[PDB]
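*Asks:* My questions will all concern the structure given below.
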Amino acid sequence: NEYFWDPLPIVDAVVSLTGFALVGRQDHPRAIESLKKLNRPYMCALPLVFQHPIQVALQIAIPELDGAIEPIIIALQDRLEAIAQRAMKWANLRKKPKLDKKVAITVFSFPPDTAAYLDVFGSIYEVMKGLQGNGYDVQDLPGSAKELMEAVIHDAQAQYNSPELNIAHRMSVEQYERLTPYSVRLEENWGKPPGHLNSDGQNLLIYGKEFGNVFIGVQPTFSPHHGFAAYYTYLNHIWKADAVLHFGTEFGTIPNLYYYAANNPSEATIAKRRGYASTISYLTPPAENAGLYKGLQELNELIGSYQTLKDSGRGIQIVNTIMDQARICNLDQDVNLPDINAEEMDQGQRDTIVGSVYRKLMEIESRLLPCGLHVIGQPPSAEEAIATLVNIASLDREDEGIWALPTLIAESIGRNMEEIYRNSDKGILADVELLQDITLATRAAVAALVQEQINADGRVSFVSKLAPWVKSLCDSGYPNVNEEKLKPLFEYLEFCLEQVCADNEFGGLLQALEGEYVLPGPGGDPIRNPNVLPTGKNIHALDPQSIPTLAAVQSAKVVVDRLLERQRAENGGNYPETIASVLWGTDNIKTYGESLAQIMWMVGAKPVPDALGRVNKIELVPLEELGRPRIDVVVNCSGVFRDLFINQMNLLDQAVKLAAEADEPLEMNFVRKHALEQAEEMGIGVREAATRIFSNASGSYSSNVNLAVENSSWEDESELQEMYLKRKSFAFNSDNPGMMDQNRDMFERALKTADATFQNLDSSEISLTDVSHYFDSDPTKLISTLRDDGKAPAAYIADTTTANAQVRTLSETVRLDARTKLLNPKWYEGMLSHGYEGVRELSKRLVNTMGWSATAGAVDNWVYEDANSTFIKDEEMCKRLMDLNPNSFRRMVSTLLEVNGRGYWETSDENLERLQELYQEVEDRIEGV
Amino acid sequence: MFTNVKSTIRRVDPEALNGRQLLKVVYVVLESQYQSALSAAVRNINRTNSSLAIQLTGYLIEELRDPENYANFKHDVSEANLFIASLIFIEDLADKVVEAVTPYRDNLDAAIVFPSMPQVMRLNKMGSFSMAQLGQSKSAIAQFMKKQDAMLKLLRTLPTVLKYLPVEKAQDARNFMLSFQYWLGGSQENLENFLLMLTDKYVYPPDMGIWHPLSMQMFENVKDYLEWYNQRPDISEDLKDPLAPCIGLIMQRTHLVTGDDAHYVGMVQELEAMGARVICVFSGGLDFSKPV
């Protein structure tokens, strides 16, 4: 504040070499106010760069909460030159005048052969317009988003000729090798330039279209081949960009901007550290309630008629009809629907059969997910924000001193909302109806506030502080709702509404391109943490030593207690001896370490925060307090979890090894039962034998099962299972944290003991079929292979996204994704209303569904049948999809022929003949004849 | 067992020395919590610190009954830098411990015995300091022991003794008192600092605030300090009286960080013995007008 001013800034860019917070307990609110005044790029390079793995992961996290960019990932030359050149190129973004600034925008995987939820060409168009509206030299800005796509991918829809990519520059071998000095190192396995990829035979081919000072580039495909290098050689040394803008949809000196989903802190963080990145946040489409349709709407009707037909004393034969329609919807797999006529059942258990079917219908109806794609700069209207607000309203907040609207509505009847959830889970009809009633109440109250503030039309600053939501609570039939507590809640909701609707997204890119400082903010779930709003920020993860919090720990025990109750029930009442779990960064950022804390509770351990609130110690809980045996664990940590949270991997390994060393009876402590046995067989100590914390080798990510399944490049499940064991068997060691050696003997011996597999669902938008990561990390069939007795483990997936914690089977969860996403009209019509890129979203869910067949066999045959029915046997929808996007439609057909070809889909010879023609029809369209 | 988590491990070894110096620690104790806290402390130092590694061997006192155990104990004492003992109140084993340790008294860079039978307490050796140099409060504590209170009687005695010693033999007595204060702390990082303090001094050589030797925490304001002061049980009510003579001391944070504060401690005790309430301010800076 003293030396970078005199008043004006006398600095175009700051490079911190302290490798601390700006203001130290670190204070980020002050540091942010300071760096926003100066309003220049903040760069930080850790001292460690210039001279282990835990201290690096604890350190690098702090500057990120300050909004820092990182110009770093033998002589000093490399590092010094890197930091230097990047600071100059950052400063040059103030020096250079607007009308001379050149802004490369790079697109990945077009034509399409993460859960971004991004209309790419939609968003680029808005960014090109925004750039023009601000005096950048944008030449010949086309008429529409489609015309823009038409300019890059000529005949993308394959009406007339093959889709092919606008060649923006041919690059001789002379120019490639001269300007790309590392071109030789690529020659090992791609040979002499130009190779077979992005080659005409003599030159490499840079794909895109120049629009004056904006260049829209394409890299359809990814050591990387000469074409991939050649593209970044063009941007850097030939087109000479001053900034490049990527979309987060992977791993020179010019500034590197990503538009990343606000709901993906973890990958955003990997980009900050791997590609020198600055990660501006965009909102995922305004979520809608999934709704009911076809057979499921019909059943909601039958059930709606059951309370009235009891008043007529007929209420028997309807339950027979209810059970039959429930059976056609395949809800027989999610509710126990015993083969017993209603007449032969008492009153109690007829109600309970309905309550059961109705709560699973309500789960489907009320699931909150996006049903379309986001254009950058086009925020949700107040109406499309109501559903989002409903669930924001449905969470108790101690740190905002407000209670969930549903808690207050239940309190008004002297009712605990936890008791209702658990009674709704049991299928007690009375409490299913009460819950659906309270939900409808909550939906209306919040809709009243939004409708009130539409026609206040910005004349009052806060419409919540002048009322129609006490009306729409009384109209609903809950008149005694404590008004002292409604006041602050609807104050919050109105604020939350305003942040959702904010249009700061284009603003953030401007600031970055001017050479200003972009306001940092938390990545996460908007619904669980509204401070993720508004978007347009350089989003950060969080202090890896701030988790888990006492709330996350407490919620963890409920989930674990619930997983163990469900696993005993489906296994004669015997606790499992080992649970195999995945840990992702993403859900632990969004829940302040719940999933992490669940694994702690399994072995009976609690995290011990110090004086300053840092979680850097762990201890065993006595058996008295656990009230059950210590369950053994196999923890598969993602590479991303490793990168952000290796400190927690350290605690988990400490916890497990204290469990194994503990002087407890083996039947009360399964870690020690297993460790003792494995110690003797392997000829080692009990502590070395208690190795349970695993990841990819340092520098690696994923099992590569995602790549094999995307490339249909695998013969049998044993290949998938083989590379998993090769790639995922790197053992963390809290007694030697630097040495993460391969330990496949231990990985096999541990997994061998697994009775169940377990993950935590991120969110409804990053669910099991939206991405490929959950299935890539799934060890379910692997475990059935390794077990001497060949038995498949029970697969469970926890969901703590709403106030109502479910622990579902993997099958339940795959069904619920199929019913709400792929096979849901609202979901597929919403996606198809965006054209080309709509089809891409459809094939994604279907490809990720195939994945689950390969790793778990968790996919019901009906999911594939109904996919074929909805999208292929409907001659309208089929021709529509093909005309809309050949490349993605070809992928939809491949996927259905594949799941049959491999043994996951049994279906009519007729269905297979159609697909086999349709694949020939669309190969012709794409490749010529 | 059901209500107290206990370990089957007595021995913690660094997984790999690398470049680092090895410290060898034997302990004899009655409490399972101090056993496991030392393990946790040693085990944290081994995984984080890049010049020091610690080997820890020890027995709960009862385990020395077997000759299997007692024999490895003797051999471990032979190689040890630090010997630690605490709460050893059985005539039988007491003497096994004395026999085992007595030879290596000169070997050991230090021997720390917290409240045990008098025979064991005479093993106490920290540079020039032993139980001998307790002025005439060797007599008092020696015989209170023979019969947690015990831990505090010896703690509050230690400042009264510093004045009757020359300065080096007083810092050694203070170093003892610090190490006893850490032990009573009993936290993992308490025992980490305990082992790094003894290693630093005897084996391998807030910007401002209020300090009292008998408080583990600094105070950043007067209200907290006095609230703490009034709850002290070791002082006459006379000193809590607001009409009591109150003397300000000014000192350098340096010496409170270093632990080289023997004369500062002895000053505070002299003034308290005279019936003076004491406020000792420090600063890390050169402007002592701030804390004044």
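Going through the structure tokens in order, the chains are called A, B, and so on, while each chain numbers its residues from 1 and the ligands are numbered from 1 in the order shown.
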Using DSSP on the backbone, list every residue of segment 51-199 of chain B that comes out as strand (DSSP E), and give them as a list in words.

*Replies:* residues 52, 53, 54, 55, 56, 57, 58, 59, 60, 82, 83, 84, 85, 86, 110, 111, 112, 113, 114, 125, 126, 129 and 130 of chain B

*Asks:* Any chance you could export the current selection's C-alpha atoms as a compact mmCIF listing (two decimals), in the first residue's frame?

*Replies:*
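So result35.txt came out as:
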# COMPACT_ATOMS: atom_id res chain seq x y z
CA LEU B 52 16.54 -35.01 13.46
CA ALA B 53 15.12 -38.59 13.79
CA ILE B 54 14.15 -40.30 17.13
CA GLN B 55 14.20 -43.96 18.21
CA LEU B 56 11.83 -44.52 21.22
CA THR B 57 11.85 -47.75 23.31
CA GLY B 58 9.95 -48.11 26.59
CA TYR B 59 7.98 -50.30 29.00
CA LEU B 60 5.03 -49.65 31.29
CA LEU B 82 17.56 -39.46 26.98
CA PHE B 83 16.12 -41.55 29.83
CA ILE B 84 12.54 -40.63 30.99
CA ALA B 85 10.63 -42.04 34.03
CA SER B 86 7.29 -40.86 35.60
CA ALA B 110 20.16 -36.19 30.25
CA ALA B 111 17.93 -38.27 32.66
CA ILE B 112 14.41 -36.87 33.44
CA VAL B 113 12.43 -38.50 36.33
CA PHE B 114 9.00 -36.96 37.16
CA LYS B 125 20.52 -35.26 35.72
CA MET B 126 20.22 -32.25 33.31
CA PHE B 129 21.22 -29.80 37.75
CA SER B 130 20.15 -32.82 39.94

*Asks:* Quick one: residues within 12 Å of residue 63 of chain B, only C-alpha atoms counted, chain neighbours fewer than 5 positions away excluded, as a PyMOL selection string?

*Replies:* chain B and resi 10+28-30+58+68-73+93+96-97

*Asks:* So that I can see what lies close to segment 130-135 of chain A, please list as a list in words the residues with an atom at most 12 Å from it, counting only C-alpha atoms and leaving out residues fewer than 5 positions away in the same chain.

*Replies:*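 After dropping sequence-adjacent residues, the list is residues 97, 98, 99, 100, 101, 102, 103, 123, 124, 125, 140, 141, 211, 212, 213, 214, 376, 377, 378, 505, 506, 507, 508, 509, 510, 511, 513 and 514 of chain A.
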
*Asks:* In Å to one decimal, how far is atom CA of residue 197 of chain A from atom CA of residue 225 of chain A?

*Replies:*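 Atom-to-atom, atom CA of residue 225 of chain A and atom CA of residue 197 of chain A are spaced 7.5 Å apart.
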
*Asks:* Residues at most 6 Å from segment 279-292 of chain B, counting only C-alpha atoms, excluding those fewer than 5 positions away in the same chain, as number ranges by chain?

*Replies:* B: 207-211, 248-253

*Asks:* Restricting the output to C-alpha atoms, write the selected residues as a PDB file, in the first residue's frame.

*Replies:*
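Wrote again.pdb, looks like this:
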ATOM      1  CA  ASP B 207       4.961  -9.184  18.681  1.00  0.00           C
ATOM      2  CA  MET B 208       4.312  -8.101  22.359  1.00  0.00           C
ATOM      3  CA  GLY B 209       2.336  -9.298  25.435  1.00  0.00           C
ATOM      4  CA  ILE B 210       2.268 -10.431  29.101  1.00  0.00           C
ATOM      5  CA  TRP B 211       4.154 -13.494  30.399  1.00  0.00           C
ATOM      6  CA  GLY B 248       5.909  -4.006  36.056  1.00  0.00           C
ATOM      7  CA  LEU B 249       8.842  -5.938  34.521  1.00  0.00           C
ATOM      8  CA  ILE B 250      10.003  -5.229  30.915  1.00  0.00           C
ATOM      9  CA  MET B 251      11.921  -7.982  29.014  1.00  0.00           C
ATOM     10  CA  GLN B 252      12.856  -9.134  25.494  1.00  0.00           C
ATOM     11  CA  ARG B 253      10.662 -11.783  23.807  1.00  0.00           C
TER      12      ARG B 253
END

*Asks:* Residues of chain B within 6 Å of chain A: nearest atom pair and distance (Å, one decimal) for each, counting only C-alpha atoms, sorted by chain and number, as a tab-separated table?

*Replies:*
residue	atom	partner	partner_atom	distance
B:2	CA	A:623	CA	5.2
B:3	CA	A:624	CA	5.4
B:4	CA	A:622	CA	5.7
B:5	CA	A:622	CA	5.1
B:6	CA	A:663	CA	5.5
B:7	CA	A:662	CA	4.5
B:8	CA	A:663	CA	5.3
B:47	CA	A:735	CA	5.5

*Asks:* To one decimal in Å, tell me the separation between atom CA of residue 829 of chain A and atom CA of residue 815 of chain A.

*Replies:*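 Value for the atom CA of residue 829 of chain A-atom CA of residue 815 of chain A distance: 19.3 Å.
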
*Asks:* Write down as a ChimeraX atom specification the residues of segment 17-229 of chain B whose backbone DSSP state falls under helix (DSSP H, G or I).

*Replies:* /B:32-48,61-65,67-79,91-104,118-121,138-146,149-162,167-185,188-202,222-229

*Asks:* Rank A:538, A:106, A:219, A:718 by their smallest atom-to-atom distance to residue 32 of chain A, using only C-alpha atoms, and report the top residue only.

*Replies:*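 So, comparing all the options, the nearest one is A:538.
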
*Asks:* Between atom CA of residue 201 of chain A and atom CA of residue 172 of chain A, measure the distance and give it in Å to one decimal.

*Replies:* 10.0 Å

*Asks:* Within 9 Å of segment 224-227 of chain B, counting only C-alpha atoms, which residues show up once you throw out same-chain ones fewer than 4 positions away? Write them as JSON, numbers by chain, please.

*Replies:* {"B": [210, 211, 212, 218, 219, 220, 231, 232, 240, 279]}

*Asks:* Residues within 6 Å of segment 163-166 of chain B, please, as a ChimeraX atom specification. Count only C-alpha atoms; anything in the same chain fewer than 3 positions from it doesn't count.

*Replies:* /B:169-170,266

*Asks:* When you look at residue 919 of chain A with a cut-off of 7 Å (counting only C-alpha atoms), what residues show up, excluding the ones that are within fewer than 4 positions of it in the same chain? I need them as a PyMOL selection string.

*Replies:* chain A and resi 890+893+915+923

*Asks:* Go ahead and save the picked residues with N, CA, C and O atoms, as an mmCIF file, in the first residue's frame.

*Replies:*
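The result, stored in out_34.cif:
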data_model
loop_
_atom_site.group_PDB
_atom_site.id
_atom_site.type_symbol
_atom_site.label_atom_id
_atom_site.label_comp_id
_atom_site.auth_asym_id
_atom_site.auth_seq_id
_atom_site.Cartn_x
_atom_site.Cartn_y
_atom_site.Cartn_z
ATOM 1 N N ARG A 890 -23.675 -40.857 -34.234
ATOM 2 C CA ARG A 890 -22.801 -42.028 -34.508
ATOM 3 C C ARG A 890 -22.324 -42.632 -33.169
ATOM 4 O O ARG A 890 -22.338 -43.887 -33.026
ATOM 5 N N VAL A 893 -25.003 -44.618 -31.304
ATOM 6 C CA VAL A 893 -25.347 -45.893 -31.987
ATOM 7 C C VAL A 893 -24.270 -46.911 -31.612
ATOM 8 O O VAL A 893 -24.653 -47.981 -31.138
ATOM 9 N N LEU A 915 -29.863 -50.382 -35.778
ATOM 10 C CA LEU A 915 -28.646 -49.673 -35.290
ATOM 11 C C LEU A 915 -27.505 -49.905 -36.295
ATOM 12 O O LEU A 915 -26.781 -48.949 -36.634
ATOM 13 N N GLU A 923 -21.937 -43.047 -40.817
ATOM 14 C CA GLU A 923 -20.522 -43.119 -41.308
ATOM 15 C C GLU A 923 -20.443 -42.533 -42.728
ATOM 16 O O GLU A 923 -19.530 -41.709 -42.972
#

*Asks:* Name the closest residue to residue 242 of chain B among the candidates B:75, B:277, B:146, B:174; distances are taken between atoms, counting only C-alpha atoms.

*Replies:*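 Of B:75, B:277, B:146, B:174, the one nearest residue 242 of chain B is B:277, counting only C-alpha atoms.
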